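Within every chain, numbering begins at 1; the chains are lettered A, B, ... in the order of the sequence lines, protein sequences first and strands thereafter. Whatever order the structure lists ligands and atoms in, that order sets their numbers, starting from 1.
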Amino acid sequence: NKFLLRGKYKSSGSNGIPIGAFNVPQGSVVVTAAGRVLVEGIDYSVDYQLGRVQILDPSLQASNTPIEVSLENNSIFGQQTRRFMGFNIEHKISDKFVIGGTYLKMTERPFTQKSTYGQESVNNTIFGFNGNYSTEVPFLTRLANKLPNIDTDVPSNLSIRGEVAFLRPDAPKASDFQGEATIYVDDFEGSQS
Amino acid sequence: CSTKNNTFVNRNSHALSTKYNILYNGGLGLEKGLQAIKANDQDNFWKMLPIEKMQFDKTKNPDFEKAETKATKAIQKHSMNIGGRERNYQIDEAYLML
Amino acid sequence: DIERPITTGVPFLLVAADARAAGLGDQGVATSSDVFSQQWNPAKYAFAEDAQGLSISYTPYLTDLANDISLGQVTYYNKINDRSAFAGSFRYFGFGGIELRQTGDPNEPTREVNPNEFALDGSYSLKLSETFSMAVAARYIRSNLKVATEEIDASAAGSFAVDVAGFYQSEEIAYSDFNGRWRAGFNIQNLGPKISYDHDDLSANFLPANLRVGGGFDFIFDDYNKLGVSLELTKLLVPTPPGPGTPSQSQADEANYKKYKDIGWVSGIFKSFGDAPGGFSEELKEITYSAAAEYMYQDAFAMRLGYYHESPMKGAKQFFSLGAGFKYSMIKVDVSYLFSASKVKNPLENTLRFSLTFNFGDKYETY
Amino acid sequence: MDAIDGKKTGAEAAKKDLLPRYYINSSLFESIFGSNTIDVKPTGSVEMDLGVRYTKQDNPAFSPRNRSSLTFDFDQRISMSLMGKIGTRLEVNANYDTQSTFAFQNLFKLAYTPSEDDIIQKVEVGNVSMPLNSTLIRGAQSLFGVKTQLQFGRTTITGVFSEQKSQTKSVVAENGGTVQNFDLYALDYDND
Amino acid sequence: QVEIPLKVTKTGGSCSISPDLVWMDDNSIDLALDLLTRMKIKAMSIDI
Amino acid sequence: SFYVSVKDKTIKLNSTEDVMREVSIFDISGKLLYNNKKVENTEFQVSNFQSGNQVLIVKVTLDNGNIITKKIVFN
Amino acid sequence: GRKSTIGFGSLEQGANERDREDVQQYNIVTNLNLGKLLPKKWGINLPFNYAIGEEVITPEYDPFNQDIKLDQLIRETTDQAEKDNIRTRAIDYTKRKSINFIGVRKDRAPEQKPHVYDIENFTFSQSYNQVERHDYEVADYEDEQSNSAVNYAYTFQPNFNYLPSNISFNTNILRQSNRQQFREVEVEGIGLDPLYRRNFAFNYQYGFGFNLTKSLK
Amino acid sequence: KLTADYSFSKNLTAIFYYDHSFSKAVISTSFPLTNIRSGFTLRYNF
Ligand SMILES: CCCCCCCCCCC(CCCCCCCCCC)(CO[C@H]1O[C@@H](CO)[C@H](O[C@@H]2O[C@@H](CO)[C@H](O)[C@@H](O)[C@@H]2O)[C@@H](O)[C@@H]1O)CO[C@H]1O[C@@H](CO)[C@H](O[C@@H]2O[C@@H](CO)[C@H](O)[C@@H](O)[C@@H]2O)[C@@H](O)[C@H]1O
């Protein structure tokens, strides 16, 4: 049994991307085209109650580029308690320069002390730094006004956003057997129905 | 937090509270008013320009009133004059802003 | 983890059934008198400020999994004089309606069952002194959680219990920085004959007889700001079952269980105390405690923090509790939430408890 | 000295040109909440069902002790919401529905927003969010807990401690419709 | 393939045997998967 | 339009013109008793011994993320 | 520009869900309003889109044997050709290019009388997409798509009447090219024979409405 | 199904309800069934 039929199929039905969840929280939808994050007002729109995402960029629609949609889904049941804590720093260096120092931690509380394979709890931590520098460049507008038939006056802008993040994952101490993070391939409690 | 007991925690908390963010907001108002004066179009250029541009070389720029209000709010409710000497070390900055 | 928990009948009687007490770490024996003061301390119904009060409380169970599985409470109190009060409360745990269906022409008539568990109690409280009050309550408990099938009898199991409560509330006392108030309370709960779920005297379960002792203090500043700090201790008055062995391997355990189950509830109340070769420290592992802080603004906004700690040897119920309360004109709304701190999954996790009370009638001054 | 005293019908105008050392004005003093007014009000309905349920199914195989079932029926149908303010600084927005869906529709938000000059700029209790302007470190929108915002001049520190009520879910779409991947083995044919 | 010779729990007397004798630590498999990787790399050079 | 029937310790789901994707059966304690990601409108045989437990919760995930909840008595 | 190492991931990802690979990606998108390079009197909407990008993925584990780390396997090889094969076959490389001229049209004057033969009734769309890939399964993968569309529409403004009320027409040239050369994972000597899929299409539809009589249509 | 309303005030309403259903067996694979719900419901509007 080594021959594998592997494939995919696309389900559209109606206009808009069905994200598989209903009543998605506002601000939890992230759309990535080819490694770049799209803008919620220009490149796409979200109808939250029906869980529909409509791509608005004309070039992305006729592209065949795979589009990744991430979201938060509240339609979950039987899941472990998730504790989310952390802090964020937002120092303002100047009128056009901001630096941040986010730190976050998620801990899952397992139902029992035995974590079976697939139903695993995490104790992950992520910390990072970010920098945002948004300036106005009148030189670009001056260069644009040197073009054949352009006599514009709208400002030209530049924005540089850098970020670094570090993930330190772990497992909660509750699902530890004799001091080690343990995942049970088979504790044999689920056989013999 | 009382202004009449010269405790370390009380004095430090009052200094922190007058610096953050009463005096910060007052300084923001002061700088906004200064930029409004700088970006004015009241320059004559038909006579000698004043060396220091002012509001009237009336309109009553409200940013300076905001700065004055913040300085006043910092001076009272955060001044610690317990034994004839000011314990809050940020009050002179508030008077300078005023 | 949990080594040798105390086995009692109808454990639903031990669940907090109002959002106000739930937000204060499941304690009410020494908190301020309110409409919910029947599960915790009926003796403070004589200290009520309103003449009559009604209250509805909702505690959902398994909110993510299903609806209609909840513990509801309806309380009514009426203080007739300035010294005495009557109260009546009804707690009801239910799974909601469940339809029993075989395929069998799915338009066929179906039988709906509602497995449930309720307690109905009535209490009388009387003020002895101006600062002390006592109360006696009588409770009827019924359990109908079984569904009738073949070779399964779903007859309800019933029992009766009595409650003896005492509540002390001092007058306002001025101090250097605030004029606080003192409160104390005790409550002996669920004193009654064993409940037989199978209607056989040989197979009977102890009622969850309980002892609550608590004390609290009110920091009153500015006449508009209050901070009530309360501490409660709880001990089950049911004998602990035998454990690994208390000197033929299973014969010893069988004999120990035989001698444990053949203990009267009256004698079991006293057998709960002591029964250990050690001193007070060894018995302290059977004492649960709770500490609560309630900030009150203008007697109209309430913000409650609580911590409840059981010994992890028994039960393993350790949590923090958040609570909020609002009073519009005569309608008070309480909400409570629980953050578990135990290894065992708390059934009330990720659950918002709701409470709603109406106050009407005359108003009484507080001594 | 007339401005210092204040009770001279005109000293209020002159108090502006005074050294703030000589007077205290209450217009820039505020209590723990901005006022003493209470405005949190309820809207909706509450229902009690109290009665008896009686059932009798004539199944002869059942025990005579299961002849009929008489139970007490109690039901609650809370459809409440709370909206208002405490002292123009505390904002309360809550909604409780027993008939609602599983776990997140019952909302409760307490928002304490002090003056702009306070170190503590925002406290939130209940349904909170932690939005982050970051691509590598994603925030969370469906949280229940405590969120606090502190400001020191130009340094802003936002702390959160909560329980997350949602799960992150990702989909891949090409030319509109969502893509579903499948993996079968030869032994996994459609049998019978 | 992970093989371990088994020590036998001694019977004959009482039915109740302590867990340390029922589940001997000498009979417990505790395998580092890096050993499996090392064996796989070594067997890459072993002809079938 | 959705029905769950139990005849002899066997659970039988019936949906009119709706096709299910996943089924989960939980106890009153909240413990997951059974889970199948390959629902075919068929029957289900959960382990018959449940230590005095009769009430079960059946959660059905359909084609879309719609979830149908049914409380049943295991007989 | 993004650079991620082995072991990174989201807060919610489990032990087997975190990134078991090094990722180095970049993507540049340019949007030009070329119609602004022409005088505004005769307004041309000529938007130009140019997207380029590529990503390189180095797995933590060798795709062959699936459970030995790539660095460890490369260290314990002692054969330069085998080492080079192991290093090169593991890389998952994708490159994307997109050139778009969608929505090319001429707008009407503020007060202009529509005509059936006007160029303002036409719209033009051009799309070119190219994907170049090579990974453990395919040694060379090339996907080309070209889409040329010309749309026409005109609604006439006011035996039986024979003047159409509206006329529609749109043409489409759709060309899809796929070249798939599966790799020999053992030796980088020859590889498999390339496979070609081509979907060259020419589509056109037209339509017109008639109101011959006040009742007829 | 019998119902009876009474508005105790503008916000308070009390309804008495009584549902009585009897299904008689026509074929032996069905059992006769009697369901009687009765009681009161109190509605308070805000
Ligand atoms: C059978 C079962 C129970 C049904 C009994 C209904 C009685 C309703 C009582 C309403 C209540 C609590 C309501 C909240 C609790 C609801 C919680 C429900 C939750 C469901 C999940 C306040 O409600 C007040 O709301 C006011 C509106 O602002 C109204 O004021 C009215 O406006 C004008 C009229 O238009 C009038 O001129 C004006 O004088 C009113 O002031 C009144 O409606 C009422 O006073 C009780 O408070 C007060 O109501 C009065 C009677 O009014 C009661 O007096 C007694 O009532 C009967 C004693 O039994 C006796 O017959 C009667 O002789 C006796 O005088 C007292 O009790 C009293 O304390």
Side-chain angles (χ1 to χ4, degrees), chain C residues 17-20 33-38 45 48-60 67-68 70-82 84-94 96 118 120 122 300 325-335 353-365, chain D residues 38-52 72-82 94-100 106, chain H residues 2-18 37-46:
Chain C
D18 64 278
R20 191 218 171 196
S33 157
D34 65 334
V35 71
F36 311 110
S37 93
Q38 165 89 247
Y45 272 130
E49 295 161 335
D50 267 282
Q52 308 164 49
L54 193 82
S55 74
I56 324 280
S57 276
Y58 188 84
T59 300
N67 277 335
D68 270 47
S70 75
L71 166 74
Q73 187 185 45
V74 179
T75 321
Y76 168 79
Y77 85 86
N78 182 15
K79 54 176 315 184
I80 39 158
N81 327 325
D82 59 317
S84 66
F86 291 102
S89 150
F90 183 78
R91 277 172 293 161
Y92 185 96
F93 177 69
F118 70 85
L120 172 76
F326 308 90
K327 183 214 262 163
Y328 171 44
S329 72
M330 77 141 180
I331 294 167
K332 237 167 300 184
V333 182
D334 290 308
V335 285
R353 275 150 138 149
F354 185 86
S355 256
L356 176 81
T357 140
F358 311 82
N359 273 303
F360 42 97
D362 310 75
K363 273 244 164 213
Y364 290 93
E365 70 269 65
Chain D
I38 309 272
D39 189 47
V40 183
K41 99 182 190 93
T43 278
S45 51
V46 52
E47 259 140 38
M48 269 214 258
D49 251 3
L50 304 100
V52 286
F72 180 77
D73 201 275
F74 174 74
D75 193 45
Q76 290 189 14
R77 267 178 243 110
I78 300 138
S79 216
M80 272 215 46
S81 76
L82 264 186
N95 154 255
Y96 208 95
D97 214 89
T98 56
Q99 276 42 72
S100 88
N106 287 347
Chain H
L2 258 160
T3 206
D5 266 44
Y6 192 92
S7 267
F8 276 108
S9 96
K10 172 211 143 206
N11 294 316
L12 192 53
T13 314
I15 310 180
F16 174 77
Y17 61 88
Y18 180 89
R37 298 193 65 251
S38 189
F40 299 93
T41 165
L42 293 159
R43 165 150 185 133
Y44 192 91
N45 252 112
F46 297 96

From [atom], is the closest protein heavy-atom distance below 4.0 Å?
atom	result
atom 51 (C) of ligand 1	no
atom 26 (C) of ligand 1	no
atom 29 (C) of ligand 1	no
atom 38 (C) of ligand 1	no
atom 3 (C) of ligand 1	no
atom 56 (O) of ligand 1	no
atom 21 (C) of ligand 1	yes
atom 64 (C) of ligand 1	no

Query raised in the report: Hey, what's the ring geometry for H/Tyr44 with H/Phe46, parallel, tilted or perpendicular (30° and 60° as the breaks)?
Result: perpendicular
Report task. Over 60° means perpendicular and under 30° means parallel, so classify the ring planes of C/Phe118 and C/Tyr92, tilted if in between. Result -> parallel
Requested in this report: Have a look at H/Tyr6, H/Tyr44, C/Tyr76, H/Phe40 and point out the one with the heavy atom closest to atom 16 (C) of ligand 1.
Outcome: H/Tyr44
[atom]: the protein heavy-atom neighbour that sits closest, reported with distance to 0.1 Å:
atom	value
atom 43 (O) of ligand 1	H/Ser9 CB, 3.5 Å
atom 1 (C) of ligand 1	H/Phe8 CZ, 3.7 Å
atom 48 (C) of ligand 1	C/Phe360 CB, 4.8 Å
atom 8 (C) of ligand 1	H/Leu12 CD2, 3.9 Å
atom 19 (C) of ligand 1	C/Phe358 CE1, 3.8 Å
atom 13 (C) of ligand 1	C/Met330 CE, 4.2 Å

Sidechain-backbone polar pair: [X] side chain, [Y] backbone, donor-acceptor under 3.5 Å:
X	Y	value
H/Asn45	D/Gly44	yes
C/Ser70	C/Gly72	no
C/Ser55	C/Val74	no
C/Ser57	C/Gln73	no
C/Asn67	D/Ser100	yes
D/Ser81	D/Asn95	no

Requested in this report: Report, in ascending order of atom number, the atoms of ligand 1 lying under 4.0 Å from any heavy atom of C/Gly361.
Outcome: 69 (O)
Report task. Within a distance under 4.0 Å of any heavy atom of C/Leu54, pick out the atoms of ligand 1 and give their elements. Result -> 17 (C)
Query raised in the report: Yes or no on side chain to side chain contact (heavy atoms under 4.5 Å, CB included) for C/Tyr58 and C/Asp18, after CA distance, side-chain angles and deciding distance?
Result: CA-CA 7 Å; C/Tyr58 188 84; C/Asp18 64 278; over 6 Å; no
Query - Cation over ring face, C/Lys79 and C/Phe86, 6.0 Å, 45° - result: no
Query raised in the report: Just wondering, more than 12 heavy atoms not from C/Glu49 lying within 6.0 Å of its CD?
Result: no
